[PDB]
Amino acid sequence: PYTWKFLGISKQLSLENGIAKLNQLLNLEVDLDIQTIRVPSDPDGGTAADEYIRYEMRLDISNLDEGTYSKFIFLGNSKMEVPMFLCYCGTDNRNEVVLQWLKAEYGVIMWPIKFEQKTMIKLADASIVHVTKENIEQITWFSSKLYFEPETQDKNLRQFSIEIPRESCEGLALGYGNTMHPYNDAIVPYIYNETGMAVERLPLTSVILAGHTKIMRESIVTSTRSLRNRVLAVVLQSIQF
Amino acid sequence: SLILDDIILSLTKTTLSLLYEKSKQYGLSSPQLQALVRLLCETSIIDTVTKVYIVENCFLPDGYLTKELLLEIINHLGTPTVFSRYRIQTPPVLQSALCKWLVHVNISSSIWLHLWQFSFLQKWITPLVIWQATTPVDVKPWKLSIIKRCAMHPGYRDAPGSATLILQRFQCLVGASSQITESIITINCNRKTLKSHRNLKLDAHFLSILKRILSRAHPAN
Amino acid sequence: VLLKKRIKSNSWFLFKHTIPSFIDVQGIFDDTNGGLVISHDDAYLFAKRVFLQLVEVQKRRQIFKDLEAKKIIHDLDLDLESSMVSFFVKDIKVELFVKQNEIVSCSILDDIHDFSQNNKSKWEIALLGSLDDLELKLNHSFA
Amino acid sequence: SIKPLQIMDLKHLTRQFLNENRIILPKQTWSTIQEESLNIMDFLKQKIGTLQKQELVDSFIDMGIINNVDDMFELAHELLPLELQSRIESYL
Amino acid sequence: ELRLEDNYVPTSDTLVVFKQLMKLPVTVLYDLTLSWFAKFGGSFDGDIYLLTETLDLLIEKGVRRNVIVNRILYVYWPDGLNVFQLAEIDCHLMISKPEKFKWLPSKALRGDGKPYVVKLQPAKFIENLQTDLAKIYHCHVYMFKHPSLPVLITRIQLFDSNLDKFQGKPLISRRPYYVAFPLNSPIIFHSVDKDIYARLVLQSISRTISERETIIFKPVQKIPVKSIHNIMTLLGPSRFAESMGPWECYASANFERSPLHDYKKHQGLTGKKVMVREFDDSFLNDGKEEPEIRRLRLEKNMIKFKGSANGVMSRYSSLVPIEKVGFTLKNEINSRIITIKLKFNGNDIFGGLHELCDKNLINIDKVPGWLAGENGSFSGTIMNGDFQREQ
Amino acid sequence: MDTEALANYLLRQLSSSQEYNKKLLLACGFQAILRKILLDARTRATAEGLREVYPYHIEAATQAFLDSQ
Amino acid sequence: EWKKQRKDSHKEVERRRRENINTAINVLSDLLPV
Amino acid sequence: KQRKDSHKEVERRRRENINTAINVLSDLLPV
DNA sequence: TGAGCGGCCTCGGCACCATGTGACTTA
DNA sequence: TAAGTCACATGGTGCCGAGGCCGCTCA
């Protein structure tokens with residue numbers, strides 16, 4: 001239950017320099033981690049300019065809950081119109097101090113990120129593909145639940161959900177064929193063919209993967225302590241102009 | 001006008017009606033308001049219903065409220081304690097009505113916060129300490145500790161919802177002063193009393209009276 | 001009554017119908033050819049079996065409305081299938097439970113001081129039978 | 001009836017104490033303490049019937065709650081509004 | 001002797017009865033007062049005609065209902081209202097405000113399994129029910145016919161037993177249990193209650209209806225629906241039962257006339273105006289479309305969701321509003337059972353879905369029958385294209 | 001409902017300024033009894049491991065308290 | 001942390017076990033007549 | 001002293017009911 | 001100006017699945 | 001020691017009756 005709030009950044013800011021100023025301001029050492037991930041390793045997802053820069057800023061004091069574990073995750077690519085976004089979990093009041101310092105030090109323009117319906121479908125696609133230490137990608141199947149809150153006159157239809165079990169989801173994926181985006185290619189077309197609902201047009205408020213994560217229109221909350229690389233990448237292509 | 005402070009110096013039934021109608025026509029100046037509240041608080045021969053009728057119908061400022069008027073009012077909002085017994089106790093309904101009239105119109109923030117610990121004043125002190133807190137540096141953990149201590153204190157009625165409103169304003173204001181939403185969780189979770197506290201009525205008849213008096217008052221001010 | 005073909009068995013099933021619930025159209029359809037129906041003859045047999053019930057209720061309501069129209073009986077109350085009825089002949093509240101075109105139960109309710117109970121039972125036994133016979137014998141005993 | 005208190009009176013009385021210090025009361029416990037308030041009031045009136053200066057603080061020392069008058073006007077500090085505890089301090 | 005007659009006075013709170021009679025209009029209060037004083041009488045002294053003249057003076061005085069409520073609760077019957085009064089006021093509240101009550105249907109199965117079309121002799125049924133429930137609890141039952149609907153609504157009220165609580169000599173009432181009897185229908189509507197007293201009342205009702213062969217009530221639906229008119233439209237003995245949604249045209253028969261009618265006005269001669277529906281997938285690809293064909297696609301959605309071109313008559317409101325439905329669609333995609341659980345919530349599910357179809361969010365050419373309102377207020381599993389309801 | 005309301009309850013149970021102060025101190029003592037009893041109830045519930053308290057818990061706590069008093 | 005990583009791994013194992021139980025229940029319900 | 005009809009006591013009852021259903025189902029199985 | 005019905009709505013009690021962790025077993 | 005099965009105790013979503021204030025609202 002770690003909600004991730006997403007904010008975009010107008011500039012490619014380099015964090016390996018100047019973080020000592022943040023350490024002096026906050027009177028505590030942060031555990032900045034540098035990684036260079038290549039998310040679209042699939043040939044159909046692109047084979048060039050796939051490298052990202054992943055920063056994991058962490059206000060490390062103690063490890064009991066998110067009151068002392070408000071992580072910060074930054075992702076960046078210099079070959080894009082918008083070059084950087086951040087996402088941070090927890091509810092500590094030092095996080096907005098970190099954001100204010102980031103603004104006042106790098107001169108960046110920061111705005112909250114809202115996901116569209118197709119963006120949420122692509123994020124649900126991204127959050128099942130897991131990278132393994134043997135450098136392979138594994139699709140872990142979760143019993144999804146598309147959850148809608150339509151606005152109709154006289155509040156005729158307040159809300160309606162579409163629950164899809166795990167074995168039915170993998171059966172739909174195997175029926176479509178060998179694909180790496182199951183929801184956008186197999187689940188959503190099956191829903192459209194059966195019930196007539198275009199879920200990329202309907203007001204979709206959340207899709208819930210049971211036991212793993214439940215992404216919303218403005219936040220992503222995950223049972224897992226971190227956020228995988230595919231979700232970060234899909235958020236990064238989401239905010240492009 | 002000179003009729004107002006002439007009636008004030010005369011008070012040192014007909015005078016009350018003349019003061020009411022001249023306030024409804026002209027309105028008092030800041031030294032006139034100072035003298036009027038100084039006369040009203042110190043004596044007790046005037047009836048309490050007439051006292052609240054004065055503070056709800058006669059106090060009508062014309063321009064800026066000076067700091068001296070606030071300092072004189074603060075002197076009258078105190079209570080007799082073990083270190084001050086010579087001064088008489090100002091009536092609590094008069095104090096509450098005066099604070100309500102103040103609602104109608106760094107040191108001073110702590111002044112109003114230390115007066116917030118009064119039980120009967122809590123229903124009108126809270127907009128003042130909300131409106132005083134305009135900057136993130138104004139809030140501090142000692143203010144939060146005092147607010148939480150008086151909020152969760154028993155023997156109070158308006159303290160939970162109103163102090164939850166204060167903490168909500170502080171959370172919306174600073175984004176710092178390490179997290180206080182769990183302190184809000186410790187205080188009441190009914191969303192009804194502070195729901196009624198978050199919308200407040202200011203007696204729009206008196207607002208229109210002050211509106212017309214102030215429109216009769218200074219051009220381009 | 002609308003019948004759709006089953007996808008896996010090639011036989012009609014009771015999809016939708018606009019017939020009220022006092023006529024067990026599902027039971028009649030399941031009774032037709034022992035469940036499944038295939039040919040148009042079985043569908044027409046089910047249709048005739050339920051149309052006979054429609055004829056029964058319409059004919060019963062027609063007989064009672066004609067009894068009211070001839071001013072033989074006073075104001076009466078009809079239920080939906082016109083089976084449980086009650087009416088006044090002069091002032092006697094005669095209430096009837098009637099099955100298909102045949103009265104199987106009768107009840108004389110209103111009691112007059114001149115009116116007795118053995119003659120009441122004899123009238124109740126005599127009033128049983130067909131509906132046309134009831135009209136004829138009621139007009140006979142009215143005079 | 002007239003002498004027993006109500007359940008909502010106990011909510012308004014001790015709701016903040018069960019909130020700051022985490023206490024969970026089901027409805028059966030609420031009815032039980034509504035019953036117990038009468039027994040507590042009868043025991044308090046049996047122990048202290050009339051009220052004068054020294055006997056109340058001597059009884060509260062015997063109650064095991066306090067040890068001196070300092071504990072008296074510190075316990076009154078955490079249970080009364082500011083004007084009332086100042087008035088009690090002027091009384092003691 | 002444990003049966004409760006129509007003259008016993010129970011202990012009822014005066015303020016609850018005070019706020020209960022506030023909702024009734026003045027004319028039903030007038031009719032109730034004259035009927036009550038004609039039947040049972042009151043503590044007020046006077047002739048029946050004299051009391052009629054007094055209430056007449058009250059009604060051409062134009063007095064508010066509060067004064068007459070205080071009168072009938074403080075001088076007419078100051079000791080307390082009789083059980084017949086307490087039942088009849090609440091039944092009149094049911095008549096005045098039908099949307100404040102939720103009902104649960106139950107079919108009257110019997111013997112082999114054929115439904116039993118229940119028929120009631122009302123006075124004998126009330127007597128037998130009261131004698132049956134008198135063996136267990138202190139029961140009073142009151143029965144009346146709806147002024148508009150062809151039903152027979154009963155009201156079963158059960159009474160229980162009874163620091164020093166001083167003395168009351170009371171008989172505390174519980175919430176009443178209502179069971180609605182349509183005239184000729186196996187479906188029985190009863191109030192929403194799952195405690196042991198509701199089970200006792202339904203059990204005694206099943207034992208006292210039968211008298212020839214044992215009858216069991218099997219619940220056909222677990223989601224309550226408001227507004228007794230709507231549940232007679234859905235589950236009652238009407239044409240709209242088993243013809244809902246796109247098939248309400250058959251239940252209303254607005255499309256064909258008698259064969260004895262003018263054949264110049266036949267549908268096949270005058271014709272109807274329709275549009276070519278594109279079977280190719282073009283809904284996902286796509287502004288200021290022509291207002292005549294826009295009216296035709298609005299009519300197409302209206303026809304799909306309400307059965308009629310003009311509807312059964314804002315305009316999205318269906319014949320019966322539905323609160324909760326849940327469909328479990330199952331298919332077989334290459335020897336794999338693929339289940340999809342669609343749950344719905346709102347004030348009118350199919351009206352909201354019609355509005356979403358009008359906003360081009362749901363393809364009206366691909367919206368199935370069960371989603372369109374067919375077999376409405378029934379939640380079930382769609383296997384092999386056939387909808388079977390849940391139990 | 002303030003402590004002065006409980007003082008009003010106590011005075012109407014027994015039926016100037018100094019007696020008002022006496023009754024206010026009595027109300028403070030009553031609140032102290034209730035707080036101590038509830039603290040003992042939580043202590044025994046946590047000893048047994050239950051998150052909430054129950055009537056037998058607080059009955060045992062108040063019997064142990066009145067045994068010492 | 002090491003123990004936190006162990007707790008996360010055991011959490012994932014228990015989640016997989018619960019999903020297997022639910023899948024078996026759904027299969028058994030698919031074989032059911034009603 | 002068994003007035004506990006809340007959580008940690010009704011979830012235990014539901015879990016025991018599920019366990020008994022699983023047990024009788026496995027009892028009907030040959031192995 | 002004053003009573004007054006209706007959507008809102010939250011309290012909270014109940015119902016049920018969902019969930020994370022220690023204890024224990026298997027390899 | 002990594003992984004698995006287990007009941008267990010808490011988290012949480014949905015639901016609904018009670019009741020309160022609101023929101024005009026109309027005479």
# chains A, B, ... in the order shown; residues from 1 in each chain; ligands from 1
call {"tool": "residues_around", "arguments": {"residues": "segment 21-37 of chain C", "least_positions_apart": "3", "cutoff": "9 Å", "atoms": "only C-alpha atoms (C1' of nucleotides)", "output": "ChimeraX atom specification"}}
result
/C:11-14,17,40-43,45-47,49-50,53-54,80-81 /E:114-118,184-187,235-239,241
call {"tool": "residues_around", "arguments": {"residues": "segment 6-21 of chain J", "least_positions_apart": "3", "cutoff": "8 Å", "atoms": "only C-alpha atoms (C1' of nucleotides)", "output": "list in words"}}
result
residues 8 of chain H; 18 and 19 of chain I
call {"tool": "write_last_selection", "arguments": {"atoms": "N, CA, C and O atoms (P, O5', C5', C4', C3', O3' and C1' of nucleotides)", "output": "tab-separated table (two decimals), in the first residue's frame"}}
result
chain	number	residue	atom	x	y	z
H	8	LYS	N	-11.42	-11.83	14.54
H	8	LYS	CA	-10.53	-12.84	15.13
H	8	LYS	C	-11.36	-13.98	15.73
H	8	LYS	O	-10.81	-14.99	16.17
I	18	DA	P	-10.97	-12.27	-3.09
I	18	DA	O5'	-9.98	-11.32	-2.27
I	18	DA	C5'	-10.17	-9.91	-2.30
I	18	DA	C4'	-9.13	-9.21	-1.46
I	18	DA	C3'	-7.69	-9.68	-1.66
I	18	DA	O3'	-6.82	-8.56	-1.80
I	18	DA	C1'	-8.24	-9.74	0.63
I	19	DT	P	-5.27	-8.77	-2.17
I	19	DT	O5'	-4.55	-8.84	-0.75
I	19	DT	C5'	-4.83	-7.86	0.24
I	19	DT	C4'	-3.89	-8.00	1.42
I	19	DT	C3'	-2.56	-8.67	1.10
I	19	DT	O3'	-1.51	-7.94	1.70
I	19	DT	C1'	-3.57	-9.73	2.93
call {"tool": "atom_distance", "arguments": {"atom1": "atom CA of residue 129 of chain E", "atom2": "atom CA of residue 208 of chain E"}}
result
6.0 Å
call {"tool": "select_by_dssp", "arguments": {"residues": "segment 43-165 of chain B", "states": "helix (DSSP H, G or I)", "output": "ChimeraX atom specification"}}
result
/B:48-57,67-76,92-104,107-114,122-132,141-151,159-165
call {"tool": "interface_residues", "arguments": {"of": "chain I", "to": "chain B", "cutoff": "12 Å", "atoms": "only C-alpha atoms (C1' of nucleotides)", "output": "JSON, numbers by chain"}}
result
{"I": [9, 10, 11, 12]}
call {"tool": "atom_distance", "arguments": {"atom1": "atom CA of residue 135 of chain A", "atom2": "atom CA of residue 41 of chain A"}}
result
10.1 Å
call {"tool": "atom_distance", "arguments": {"atom1": "atom CA of residue 201 of chain B", "atom2": "atom CA of residue 57 of chain B"}}
result
15.8 Å
call {"tool": "interface_residues", "arguments": {"of": "chain I", "to": "chain H", "cutoff": "12 Å", "atoms": "only C-alpha atoms (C1' of nucleotides)", "output": "PDB file with N, CA and C atoms (P, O5', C5', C4', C3', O3' and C1' of nucleotides), in the first residue's frame"}}
result
ATOM      1  P    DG I  13     -20.947   0.589  16.029  1.00  0.00           P
ATOM      2  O5'  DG I  13     -21.830  -0.741  15.955  1.00  0.00           O
ATOM      3  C5'  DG I  13     -23.141  -0.687  15.404  1.00  0.00           C
ATOM      4  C4'  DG I  13     -23.292  -1.666  14.252  1.00  0.00           C
ATOM      5  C3'  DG I  13     -22.481  -2.959  14.383  1.00  0.00           C
ATOM      6  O3'  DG I  13     -23.358  -4.056  14.612  1.00  0.00           O
ATOM      7  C1'  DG I  13     -22.448  -2.073  12.156  1.00  0.00           C
ATOM      8  P    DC I  14     -22.781  -5.544  14.799  1.00  0.00           P
ATOM      9  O5'  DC I  14     -22.836  -6.158  13.325  1.00  0.00           O
ATOM     10  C5'  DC I  14     -24.035  -6.056  12.569  1.00  0.00           C
ATOM     11  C4'  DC I  14     -23.800  -6.421  11.116  1.00  0.00           C
ATOM     12  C3'  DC I  14     -23.084  -7.756  10.888  1.00  0.00           C
ATOM     13  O3'  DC I  14     -23.948  -8.655  10.210  1.00  0.00           O
ATOM     14  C1'  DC I  14     -22.234  -6.033   9.473  1.00  0.00           C
ATOM     15  P    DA I  15     -23.520 -10.188   9.999  1.00  0.00           P
ATOM     16  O5'  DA I  15     -22.850 -10.199   8.548  1.00  0.00           O
ATOM     17  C5'  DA I  15     -23.583  -9.720   7.427  1.00  0.00           C
ATOM     18  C4'  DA I  15     -22.766  -9.851   6.156  1.00  0.00           C
ATOM     19  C3'  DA I  15     -21.879 -11.096   6.089  1.00  0.00           C
ATOM     20  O3'  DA I  15     -22.020 -11.733   4.827  1.00  0.00           O
ATOM     21  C1'  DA I  15     -20.591  -9.154   5.690  1.00  0.00           C
ATOM     22  P    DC I  16     -21.609 -13.277   4.657  1.00  0.00           P
ATOM     23  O5'  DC I  16     -20.228 -13.219   3.857  1.00  0.00           O
ATOM     24  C5'  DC I  16     -20.214 -12.782   2.507  1.00  0.00           C
ATOM     25  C4'  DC I  16     -18.856 -12.220   2.133  1.00  0.00           C
ATOM     26  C3'  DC I  16     -17.696 -13.193   2.257  1.00  0.00           C
ATOM     27  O3'  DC I  16     -17.540 -13.910   1.034  1.00  0.00           O
ATOM     28  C1'  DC I  16     -17.128 -10.942   2.950  1.00  0.00           C
ATOM     29  P    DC I  17     -16.340 -14.962   0.839  1.00  0.00           P
ATOM     30  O5'  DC I  17     -15.170 -14.087   0.191  1.00  0.00           O
ATOM     31  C5'  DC I  17     -15.445 -13.283  -0.950  1.00  0.00           C
ATOM     32  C4'  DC I  17     -14.395 -12.200  -1.123  1.00  0.00           C
ATOM     33  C3'  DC I  17     -12.987 -12.705  -1.447  1.00  0.00           C
ATOM     34  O3'  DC I  17     -12.423 -11.917  -2.489  1.00  0.00           O
ATOM     35  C1'  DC I  17     -12.917 -11.288   0.432  1.00  0.00           C
TER      36       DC I  17
END
call {"tool": "residues_around", "arguments": {"residues": "residue 89 of chain D", "least_positions_apart": "3", "cutoff": "8 Å", "atoms": "only C-alpha atoms (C1' of nucleotides)", "output": "PDB file with N, CA and C atoms, in the first residue's frame"}}
result
ATOM      1  N   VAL B  82      -4.568  33.746  39.400  1.00  0.00           N
ATOM      2  CA  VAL B  82      -3.945  33.887  40.716  1.00  0.00           C
ATOM      3  C   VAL B  82      -2.981  35.058  40.795  1.00  0.00           C
TER       4      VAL B  82
ATOM      5  N   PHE D  73      -3.979  19.783  41.234  1.00  0.00           N
ATOM      6  CA  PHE D  73      -4.138  20.794  40.193  1.00  0.00           C
ATOM      7  C   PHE D  73      -3.284  20.527  38.956  1.00  0.00           C
ATOM      8  N   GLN D  85      -9.422  25.658  35.365  1.00  0.00           N
ATOM      9  CA  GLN D  85      -8.252  25.242  36.134  1.00  0.00           C
ATOM     10  C   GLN D  85      -7.600  26.432  36.826  1.00  0.00           C
ATOM     11  N   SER D  86      -7.659  27.622  36.214  1.00  0.00           N
ATOM     12  CA  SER D  86      -7.184  28.818  36.906  1.00  0.00           C
ATOM     13  C   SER D  86      -8.047  29.131  38.124  1.00  0.00           C
ATOM     14  N   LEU D  92      -7.320  26.607  45.398  1.00  0.00           N
ATOM     15  CA  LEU D  92      -6.367  25.789  46.138  1.00  0.00           C
ATOM     16  C   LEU D  92      -5.022  26.493  46.285  1.00  0.00           C
TER      17      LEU D  92
END
call {"tool": "residues_around", "arguments": {"residues": "residue 5 of chain H", "least_positions_apart": "6", "cutoff": "12 Å", "atoms": "only C-alpha atoms (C1' of nucleotides)", "output": "NGL selection string"}}
result
(:D and (26-28)) or (:F and (52 or 54)) or (:H and (11-13)) or (:I and (14))
call {"tool": "write_last_selection", "arguments": {"atoms": "N, CA and C atoms (P, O5', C5', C4', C3', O3' and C1' of nucleotides)", "output": "CSV table (one decimal), in the first residue's frame"}}
result
chain,number,residue,atom,x,y,z
D,26,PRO,N,-16.6,-1.9,21.8
D,26,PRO,CA,-17.8,-2.3,21.2
D,26,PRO,C,-19.0,-1.8,22.1
D,27,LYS,N,-20.2,-2.1,21.5
D,27,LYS,CA,-21.4,-1.6,22.1
D,27,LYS,C,-21.7,-2.3,23.5
D,28,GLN,N,-21.3,-3.5,23.6
D,28,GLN,CA,-21.5,-4.2,24.9
D,28,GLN,C,-20.6,-3.6,26.0
F,52,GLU,N,-9.3,-5.0,21.2
F,52,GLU,CA,-10.3,-4.3,21.9
F,52,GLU,C,-10.5,-4.9,23.3
F,54,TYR,N,-13.5,-6.0,26.4
F,54,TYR,CA,-14.8,-6.6,26.6
F,54,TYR,C,-15.3,-6.4,28.0
H,11,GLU,N,-14.1,-14.6,11.7
H,11,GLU,CA,-13.2,-15.0,10.6
H,11,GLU,C,-12.7,-16.4,10.9
H,12,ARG,N,-12.4,-16.7,12.2
H,12,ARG,CA,-12.0,-18.1,12.5
H,12,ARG,C,-13.2,-19.1,12.3
H,13,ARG,N,-14.4,-18.7,12.5
H,13,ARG,CA,-15.5,-19.5,12.2
H,13,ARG,C,-15.7,-19.8,10.7
I,14,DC,P,-22.8,-5.5,14.8
I,14,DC,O5',-22.8,-6.2,13.3
I,14,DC,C5',-24.0,-6.1,12.6
I,14,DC,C4',-23.8,-6.4,11.1
I,14,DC,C3',-23.1,-7.8,10.9
I,14,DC,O3',-23.9,-8.7,10.2
I,14,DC,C1',-22.2,-6.0,9.5
call {"tool": "residues_around", "arguments": {"residues": "residue 248 of chain E", "least_positions_apart": "6", "cutoff": "10 Å", "atoms": "only C-alpha atoms (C1' of nucleotides)", "output": "count of residues only"}}
result
17
call {"tool": "select_by_dssp", "arguments": {"residues": "segment 2-123 of chain C", "states": "strand (DSSP E or B)", "output": "PyMOL selection string"}}
result
chain C and resi 2-5+12-16+37+77+84-88+93-99+102-108
call {"tool": "closest_atom_pairs", "arguments": {"of": "chain I", "to": "chain E", "cutoff": "12 Å", "atoms": "only C-alpha atoms (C1' of nucleotides)", "output": "JSON lines"}}
result
{"residue": "I:3", "atom": "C1'", "partner": "E:64", "partner_atom": "CA", "distance": 10.8}
{"residue": "I:4", "atom": "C1'", "partner": "E:23", "partner_atom": "CA", "distance": 10.4}
{"residue": "I:5", "atom": "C1'", "partner": "E:23", "partner_atom": "CA", "distance": 9.4}
{"residue": "I:6", "atom": "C1'", "partner": "E:100", "partner_atom": "CA", "distance": 12.0}
call {"tool": "interface_residues", "arguments": {"of": "chain H", "to": "chain G", "cutoff": "12 Å", "atoms": "only C-alpha atoms", "output": "PDB file with N, CA, C and O atoms, in the first residue's frame"}}
result
ATOM      1  N   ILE H  18     -14.816 -23.300   5.935  1.00  0.00           N
ATOM      2  CA  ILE H  18     -14.120 -23.596   4.683  1.00  0.00           C
ATOM      3  C   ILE H  18     -13.250 -24.841   4.835  1.00  0.00           C
ATOM      4  O   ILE H  18     -13.196 -25.695   3.938  1.00  0.00           O
ATOM      5  N   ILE H  22     -13.582 -28.350   2.782  1.00  0.00           N
ATOM      6  CA  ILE H  22     -12.439 -28.952   2.098  1.00  0.00           C
ATOM      7  C   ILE H  22     -12.205 -30.373   2.602  1.00  0.00           C
ATOM      8  O   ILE H  22     -11.906 -31.285   1.820  1.00  0.00           O
ATOM      9  N   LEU H  25     -14.888 -32.693   1.230  1.00  0.00           N
ATOM     10  CA  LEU H  25     -14.619 -32.874  -0.194  1.00  0.00           C
ATOM     11  C   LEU H  25     -13.478 -33.856  -0.420  1.00  0.00           C
ATOM     12  O   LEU H  25     -13.574 -34.740  -1.277  1.00  0.00           O
TER      13      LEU H  25
END
call {"tool": "interface_residues", "arguments": {"of": "chain F", "to": "chain D", "cutoff": "7 Å", "atoms": "only C-alpha atoms", "output": "list in words"}}
result
residues 1, 3, 21, 22, 28, 52, 53, 54, 55 and 69 of chain F
call {"tool": "closest_residue", "arguments": {"among": "E:124, E:71, E:297, E:119", "to": "residue 84 of chain C", "atoms": "only C-alpha atoms"}}
result
E:119
call {"tool": "interface_residues", "arguments": {"of": "chain G", "to": "chain J", "cutoff": "9 Å", "atoms": "only C-alpha atoms (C1' of nucleotides)", "output": "short mmCIF file (atom, residue, chain, number, x, y, z; two decimals) with N, CA, C and O atoms, in the first residue's frame"}}
result
data_model
loop_
_atom_site.label_atom_id
_atom_site.label_comp_id
_atom_site.auth_asym_id
_atom_site.auth_seq_id
_atom_site.Cartn_x
_atom_site.Cartn_y
_atom_site.Cartn_z
N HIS G 10 8.54 -14.14 0.97
CA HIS G 10 7.50 -14.97 1.57
C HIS G 10 6.10 -14.44 1.26
O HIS G 10 5.16 -15.23 1.09
N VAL G 13 5.36 -15.64 -2.20
CA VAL G 13 5.06 -17.08 -2.17
C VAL G 13 3.64 -17.32 -1.67
O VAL G 13 2.88 -18.12 -2.25
N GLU G 14 3.24 -16.63 -0.60
CA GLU G 14 1.89 -16.77 -0.07
C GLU G 14 0.84 -16.26 -1.05
O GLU G 14 -0.24 -16.84 -1.17
N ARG G 17 0.40 -18.90 -3.63
CA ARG G 17 -0.38 -20.00 -3.07
C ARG G 17 -1.87 -19.66 -3.04
O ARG G 17 -2.72 -20.49 -3.41
#
call {"tool": "interface_residues", "arguments": {"of": "chain G", "to": "chain E", "cutoff": "9 Å", "atoms": "only C-alpha atoms", "output": "list in words"}}
result
residues 27, 30 and 34 of chain G
call {"tool": "decode", "arguments": {"residues": "segment 15-24 of chain H", "atoms": "N, CA, C and O atoms", "output": "mmCIF file, in the first residue's frame"}}
result
data_model
loop_
_atom_site.group_PDB
_atom_site.id
_atom_site.type_symbol
_atom_site.label_atom_id
_atom_site.label_comp_id
_atom_site.auth_asym_id
_atom_site.auth_seq_id
_atom_site.Cartn_x
_atom_site.Cartn_y
_atom_site.Cartn_z
ATOM 1 N N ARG H 15 -13.295 -19.537 8.438
ATOM 2 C CA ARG H 15 -12.164 -20.367 8.054
ATOM 3 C C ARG H 15 -12.355 -21.824 8.449
ATOM 4 O O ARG H 15 -11.991 -22.713 7.674
ATOM 5 N N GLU H 16 -12.930 -22.088 9.624
ATOM 6 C CA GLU H 16 -13.237 -23.456 10.023
ATOM 7 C C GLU H 16 -14.311 -24.076 9.137
ATOM 8 O O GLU H 16 -14.249 -25.270 8.834
ATOM 9 N N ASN H 17 -15.306 -23.283 8.722
ATOM 10 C CA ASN H 17 -16.318 -23.790 7.797
ATOM 11 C C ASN H 17 -15.707 -24.154 6.449
ATOM 12 O O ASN H 17 -16.027 -25.207 5.877
ATOM 13 N N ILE H 18 -14.816 -23.300 5.935
ATOM 14 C CA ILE H 18 -14.120 -23.596 4.683
ATOM 15 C C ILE H 18 -13.250 -24.841 4.835
ATOM 16 O O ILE H 18 -13.196 -25.695 3.938
ATOM 17 N N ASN H 19 -12.575 -24.974 5.982
ATOM 18 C CA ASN H 19 -11.727 -26.136 6.226
ATOM 19 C C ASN H 19 -12.543 -27.421 6.310
ATOM 20 O O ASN H 19 -12.116 -28.464 5.805
ATOM 21 N N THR H 20 -13.719 -27.369 6.940
ATOM 22 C CA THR H 20 -14.563 -28.558 7.019
ATOM 23 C C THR H 20 -15.135 -28.926 5.654
ATOM 24 O O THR H 20 -15.277 -30.114 5.338
ATOM 25 N N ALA H 21 -15.474 -27.923 4.837
ATOM 26 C CA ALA H 21 -15.920 -28.202 3.474
ATOM 27 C C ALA H 21 -14.814 -28.854 2.651
ATOM 28 O O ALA H 21 -15.060 -29.821 1.918
ATOM 29 N N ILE H 22 -13.582 -28.350 2.782
ATOM 30 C CA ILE H 22 -12.439 -28.952 2.098
ATOM 31 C C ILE H 22 -12.205 -30.373 2.602
ATOM 32 O O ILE H 22 -11.906 -31.285 1.820
ATOM 33 N N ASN H 23 -12.371 -30.587 3.910
ATOM 34 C CA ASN H 23 -12.151 -31.904 4.497
ATOM 35 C C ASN H 23 -13.171 -32.923 4.005
ATOM 36 O O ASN H 23 -12.805 -34.052 3.666
ATOM 37 N N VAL H 24 -14.454 -32.552 3.952
ATOM 38 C CA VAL H 24 -15.456 -33.505 3.476
ATOM 39 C C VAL H 24 -15.324 -33.723 1.969
ATOM 40 O O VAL H 24 -15.585 -34.825 1.466
#
